[PDB]
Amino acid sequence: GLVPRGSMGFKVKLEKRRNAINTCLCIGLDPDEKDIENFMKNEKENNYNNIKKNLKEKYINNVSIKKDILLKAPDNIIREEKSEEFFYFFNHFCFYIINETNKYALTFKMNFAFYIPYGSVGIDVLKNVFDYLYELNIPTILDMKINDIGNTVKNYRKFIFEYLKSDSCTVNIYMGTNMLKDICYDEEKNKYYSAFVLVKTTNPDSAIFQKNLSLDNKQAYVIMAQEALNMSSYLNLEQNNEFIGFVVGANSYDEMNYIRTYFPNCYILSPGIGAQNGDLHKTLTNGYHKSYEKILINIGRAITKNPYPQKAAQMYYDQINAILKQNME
């Protein structure tokens, strides 16, 4: 009755991890330029103690890109490999955050926009980040909020699900729900994949379209949720241990309550705690499911911009679990 890692659908992988670790913390890894620079400065000042720790981990030997560089001595990089210095410290920052926080994480979410602004270099880092997480067997989301016509979105499907080997991604279906057939399904290989569609977002004017637009007396966010679920049904995702879930922001308490009430077994991804000031008690109570992999609480900057990310992650893990315990009593 045993399945090897990589050989099961996201639904099963998430359920096993939640059973093991007893949380719904999703740790966001969105490293900005200041983060990377700060890491390099701190490492330079302390003889690279965190990099030396990364270098001890076995799975670092199993990453795809420029392992020759990543495994070098840090002082060798700086003196002899100056054109690789940014690559090195960028990739070592992510490995550091992952090494420090992974024991608390149901899943990691990496937002693509943080890995693209330097050109090809960050995309090598991103690939290595997905390879590393694959080796540790931690569930992954690529947050890229993709949208386009079907012929074009197949390319993202290939990047996200074949090249990165991500378990899931985020998608904006405003263009049309039919794009999902080219994202959550590969007709050539007969493979199924999971995604979270945008339902209610955390930006301060999210209401302008998601709530102001309606059809009869349902607001756009409700219609969009229903359409996404209808597509999941058509594609038979849940039969292949995959799903289409919902992004619902951690500050949209009324919408969270509605979505959970009206779609009782939906998978919800909820960003907005920490940096965006969302209310964790309210969000987690309104989105609660007894299978709490169905209510992922994403925390990015509040962990990654803390000088002690392991302790910041532990604190959120403990705070989530305390609220989970109340909901379970």
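Note that residue numbering begins at 1 and tracks the sequence as displayed. We call the rigid core whatever largest set of C-alpha positions still superposes within 1.5 Å between the two forms.
Put simply, when the other structures in 8 other deposited structures of this protein are lined up on the rigid core, the C-alpha atoms of 317 to 325 lie farther off than those of the other stretch, from 317 to 325 and 18 to 26. Judged by the one-third criterion across other entries of this protein, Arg79, though modelled here, is missing from at least a third of those that model both its neighbours.
Mean CA B-factor, 12 to 20 versus 301 to 309: the higher value falls on 12 to 20.
Two stretches are in play, 82 to 90 and 117 to 125, and the higher mean C-alpha B-factor belongs to 82 to 90.
When the Cα B-factors of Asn61, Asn38, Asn49, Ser270 are read from the PDB record, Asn61 comes out highest.
Of the candidates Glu187, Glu227, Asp205, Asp167, it is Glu187 whose Cα B-factor is highest according to the PDB record. In this PDB entry, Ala250 carries a Cα temperature factor that places it within the middle third of its chain's modelled residues.
When all modelled residues of the chain are sorted by CA temperature factor, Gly176 is found within the highest third. Split the chain's modelled residues into thirds by C-alpha temperature factor. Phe112 is in the lowest one. Ranked against the other modelled residues of its chain, the C-alpha B-factor of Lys72 as given in the entry falls in the highest third. The PDB entry assigns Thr152 a C-alpha temperature factor belonging to the lowest third of its chain's modelled residues.
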